[PDB]
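One structure is given below, encoded as structure tokens.
Every read-out reported here was derived from the displayed coordinates using simple, explicitly stated rules and does not represent laboratory data. For neighbour counting, all protein chains shown are included, and Cβ atoms are generated from backbone atoms with ideal geometry for every residue, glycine included.
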2 protein chains.
Amino acid sequence: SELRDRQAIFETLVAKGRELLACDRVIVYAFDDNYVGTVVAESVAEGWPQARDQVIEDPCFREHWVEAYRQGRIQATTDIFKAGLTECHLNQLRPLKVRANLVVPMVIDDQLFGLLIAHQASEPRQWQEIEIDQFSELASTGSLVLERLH
Amino acid sequence: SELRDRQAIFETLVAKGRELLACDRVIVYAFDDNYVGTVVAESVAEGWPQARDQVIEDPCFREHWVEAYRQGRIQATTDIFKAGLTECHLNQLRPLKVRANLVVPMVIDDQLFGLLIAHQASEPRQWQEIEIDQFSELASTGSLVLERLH
Ligand SMILES: *[C@H](c1[nH]c(/C=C2\NC(=O)C(CC)=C2C)c(C)c1CCC(=O)O)c1[nH]c(C[C@H]2NC(=O)C(C)=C2[C@@H](*)C)c(C)c1CCC(=O)O
Ligand SMILES: *[C@H](c1[nH]c(/C=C2\NC(=O)C(CC)=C2C)c(C)c1CCC(=O)O)c1[nH]c(C[C@H]2NC(=O)C(C)=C2[C@@H](*)C)c(C)c1CCC(=O)O
Ligand SMILES: [Mg+2]
Ligand SMILES: [Mg+2]
Ligand SMILES: [Mg+2]
Ligand SMILES: [Mg+2]
């Protein structure tokens, strides 16, 4: 089925993504038609909370970032507590122990299907250029495969 | 269909591989139980023979290297004519046009499914660490996709 195919690619991306970065969590944050996100796949190291299957109603993608991510925006944050973020934003990340994160888009048929997101937990992390390139390329490869499968 | 899904992934791998390396050819070379390989997908630049749909039996894999490739062996060759190769090896490459090559494994369910192979056809080419890493990760990601998809 189309749903089984997407999930297989998503499980591949989170597993390979966490291996590539040796970070604490990688997820696929998939959007519904109103850009409400569901954590549909997760690779997470031992001891950290599981984000899998959580629904996170974060309005900034629908309201502000859909176009930039469609166009290939990448967001990397070394220290979420030093990024000018509001408490509402921080309270989504605190339970998952996020301290640093890297966000790349999954664009399929020119549409923003979701985000591949890496977390460093309870520890800041400066994401390096070639790490970002490898992670962006992983998301693109996965997205291109899904484009070709159907 | 496993076969149709397969071909879609292979086509993504060869196209992305040739884009990443800007080389003359990238192929997927898939093994059967004699460890005879078939070129099952190809991206090739203008002017070079199409290696697509070639069955090429090379005994060195089954005789020496299958397990090593399972474990992540590569072949990086800057100039095949300075590599101490036999006429039988040179003869099997001559119709394709290979001057330099990069061979990385595709491992699925802990077996050597095939090789992802890049060719430079009219000049030597010293394959760089970053290229080897990118090409290896491409092959690994595509392999894991196939492993999970069915
Ligand atoms: C936009 C925004 N949200 C996120 C969300 C996540 N990062 C993660 O790691 C995860 C997985 C746990 C999620 C989910 C990011 C990365 C961004 C930034 C996008 C970018 O710059 O490219 C955002 N959301 C909020 C939430 C806040 N705003 C509201 O109106 C309400 C209500 C909120 C509470 C739920 C904020 C403050 C931002 C950033 C500011 C902005 O760009 O508008
Ligand atoms: C082993 C060997 N063969 C290949 C084959 C290919 N390179 C490519 O680019 C392609 C696609 C067109 C193929 C197919 C490689 C890369 C290697 C090296 C493996 C390694 O060390 O990792 C090899 N095969 C031969 C051929 C020769 N030996 C025979 O018994 C018969 C028969 C032959 C003629 C068909 C040779 C000389 C080698 C290298 C030495 C060895 O590994 O035994
Ligand atoms: Mg199917
Ligand atoms: Mg690495
Ligand atoms: Mg399509
Ligand atoms: Mg399987």
task: Please tell me if residue B:6 is within 16 Å of ligand 3 (Cβ to nearest atom), under 26 Å from residue A:141 (Cβ atoms) and either surrounded by 15 or more Cβ atoms within 10 Å (Cβ to Cβ) or more than 12 Å from the chain's Cα centre (by Cα) (or both).
output: yes
message: Among the residues that make up segment A:50-71, is at least one of them in contact with an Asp or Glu (Cβ under 9 Å, 6 or more places away or on another chain) and buried (at least 18 other Cβ atoms within 10 Å of the Cβ)?
response: yes
Flag if residue A:4 is more than 16 Å from ligand 4 (Cβ to nearest atom) and more than 14 Å from every other protein chain (Cβ to nearest Cβ): no
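Within the bounds of segment A:139-148, is there any residue that is within 16 Å of ligand 6 (Cβ to nearest atom) and either assigned to a loop (DSSP other than H, G, I, E, B) or within 27 Å of residue B:141 (Cα to Cα) (or both)? Let's see the steps before the verdict.
Step one: of segment A:139-148, the residues within 16 Å of ligand 6 (Cβ to nearest atom) are A:145.
Now restrict to residues that are either assigned to a loop (DSSP other than H, G, I, E, B) or within 27 Å of residue B:141 (Cα to Cα) (or both): A:145.
Scanning segment A:139-148 turns up at least one residue that is within 16 Å of ligand 6 (Cβ to nearest atom) and either assigned to a loop (DSSP other than H, G, I, E, B) or within 27 Å of residue B:141 (Cα to Cα) (or both).
Per-residue answers, yes or no, for (1) of a type in the set (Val, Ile, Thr); (2) without any contact (Cβ under 8 Å) to a residue 40 or more places away in the chain:
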{"residue": "A:15", "(1), (2)": "no, yes"}
{"residue": "A:22", "(1), (2)": "no, yes"}
{"residue": "A:26", "(1), (2)": "yes, no"}
{"residue": "A:34", "(1), (2)": "no, yes"}
{"residue": "A:38", "(1), (2)": "yes, yes"}
{"residue": "A:42", "(1), (2)": "no, yes"}
{"residue": "A:46", "(1), (2)": "no, yes"}
{"residue": "A:54", "(1), (2)": "no, yes"}
{"residue": "A:57", "(1), (2)": "no, yes"}
query: Among the residues of segment B:115-122, is any more than 9 Å from chain A (Cβ to nearest Cβ), surrounded by fewer than 16 Cβ atoms within 10 Å (Cβ to Cβ) and of a type outside the set (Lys, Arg)?
result: yes
query: Can you pull out the residues in segment B:62-89 that are in a strand (DSSP E or B) and aliphatic (A, V, I, L, M)?
result: B:76
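Out of all the residues in segment A:135-148, which are buried (at least 19 other Cβ atoms within 10 Å of the Cβ) and more than 16 Å from ligand 3 (Cβ to nearest atom)?
Here is the first cut: in segment A:135-148, the residues buried (at least 19 other Cβ atoms within 10 Å of the Cβ) are A:135, A:138-139, A:141-146.
Scanning segment A:135-148 gives A:135, A:138, A:139, A:141, A:142, A:143, A:144.
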- prompt: Residues in segment B:31-41: is at least one surrounded by fewer than 19 Cβ atoms within 10 Å (Cβ to Cβ) and within 14 Å of chain A (Cβ to nearest Cβ)?
  reply: no
message: I want to confirm something. Restricting to segment A:33-62 and keeping residues that are in contact with a strand residue (DSSP E or B) (Cβ under 7 Å, 6 or more places away or on another chain) and of a type in the set (D, E, K, R), which single residue is farthest from ligand 3 (Cβ to nearest atom)?
response: A:58
task: Can you give me the number of residues within segment B:69-94 that are within 16 Å of ligand 4 (Cβ to nearest atom) and not hydrophobic (A, V, I, L, M, F, W, C)?
output: 1
query: Has segment A:49-61 got any residue that is part of a helix (DSSP H, G or I) and more than 14 Å from every other protein chain (Cβ to nearest Cβ)?
result: yes
field: Selection within segment A:31-60 - touching a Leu at 6+ places or on another chain (Cβ under 8 Å) and among the small types (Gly, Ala, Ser)
entry: A:37, A:41, A:51
query: Taking segment A:90-136, which residues are more than 16 Å from ligand 5 (Cβ to nearest atom) and in a loop (DSSP other than H, G, I, E, B)?
result: A:97, A:122, A:123, A:124, A:125, A:126, A:127, A:128
statement: Of the residues in segment B:107-126 that are touching a helix residue (DSSP H, G or I) at 6+ places or on another chain (Cβ under 9 Å) and without any contact (Cβ under 8 Å) to a residue 60 or more places away in the chain, the one that is farthest from ligand 4 (Cβ to nearest atom) is B:124
